[PDB]
Amino acid sequence: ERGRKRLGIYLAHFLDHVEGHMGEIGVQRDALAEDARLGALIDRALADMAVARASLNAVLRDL
Amino acid sequence: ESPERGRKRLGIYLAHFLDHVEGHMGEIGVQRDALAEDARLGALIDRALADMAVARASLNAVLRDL
Amino acid sequence: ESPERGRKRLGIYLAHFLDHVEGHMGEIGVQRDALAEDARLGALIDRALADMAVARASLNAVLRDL
Amino acid sequence: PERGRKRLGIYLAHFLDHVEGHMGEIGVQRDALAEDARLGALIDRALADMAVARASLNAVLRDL
Ligand SMILES: [Ca+2]
Ligand SMILES: [Cl-]
Ligand SMILES: [Cl-]
Ligand SMILES: [Cl-]
Ligand code: NI
Ligand code: NI
């Protein structure tokens, strides 16, 4: 369906934002000189990205 | 770069990014509402959007801790 | 500052900016239809995309070599 | 409709500032890595191609 196709392209692009943003954090992280608390939050944000990435992959898998 | 400038530049990227993806969440939400009633695709999409709301909360906490 | 550590750094920069290309091409593709582009704006956009595509291939060529 | 040009222009503005920072970083590594001529040349082409890409995107931005 073309409506489903358009939706798929938006989600594909959103997945690109998820993965790309996870790469951004990885690139910027060292220059932050994080303590244990900022690190915990960054890791928590990153794990939440990975869940969202998983759900987006499920959607892209099924159509 | 010193940690000061690092957190500054990342703080900037994070705010733009949160603003940006909130636009896509709203867009995809409205397109998703045009789907058939109780279409299984819709449920997969709501879960993805919900998980993004979690990520927004947690990324905001990062932003505030810089 | 040691040469092997800079080549690793550069590899990370390059893989990352390749993610920026993918994100950006996608960005133009989705936001474009909302533009109601005239042909002139439509021509610049196609031009920027083609230029970005040349850039991706010249970034790959660096990453292939190291 | 025409609000779709204000949204795209905010994107491109942020994007080009963000890209500018990555070209600087790459430029820094090209300099440190100057002893490898061949790789430096590859990097120069790539940075020049991005320079052209950044100008065409800036053109889009102005025309929005
Ligand atoms: Ca993609
Ligand atoms: Cl600290
Ligand atoms: Cl602290
Ligand atoms: Cl503290
Ligand atoms: Ni980046
Ligand atoms: Ni986007």
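Letters A, B, ... mirror the listed sequences (proteins, then strands); counts begin at 1.
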Checklist entry - So B/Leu44 and A/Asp62, side-chain contact (heavy atoms from CB on, under 4.5 Å) or not? Walk me through it. => result CA-CA 9 Å; B/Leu44 278 184; A/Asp62 280 8; 3.5 Å; yes
Item to check | Rounded distance (nearest 0.5 Å) linking atom CE of B/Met25 with atom CZ of A/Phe14 | outcome: 6.0 Å
Checklist entry - What's the spacing between B/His24 NE2 and A/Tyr10 OH if we round to 0.5 Å? => result 8.5 Å
Checklist entry - Is any side-chain heavy atom of A/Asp48 less than 4.5 Å from a side-chain heavy atom of B/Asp51? => result no
Checklist entry - Under a 4.5 Å heavy-atom cut-off, does chain B meet the side chain of A/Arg29, its backbone, both or neither? => result neither
Checklist outcome for this item: B/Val62 and A/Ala45 have their tightest heavy-atom pair at CG2-CB, 3.9 Å
Checklist entry - With under 30° as parallel and over 60° as perpendicular, where do the rings of B/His20 and A/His17 fit, or are they tilted in between? => result perpendicular
Next on the checklist: Heavy-atom cut-off 4.5 Å, strictly under: side chain, backbone, both or neither for B/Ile28 against chain A?
Outcome noted: both
Item to check | Test side-chain contact (heavy atoms from CB on, under 4.5 Å) applied to B/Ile45 and A/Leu11, step by step | outcome: CA-CA 9 Å; B/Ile45 289 176; A/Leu11 297 155; 4.1 Å; yes
Checklist entry - Does a side-chain heavy-atom distance below 4.5 Å link A/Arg4 with B/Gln31? => result no
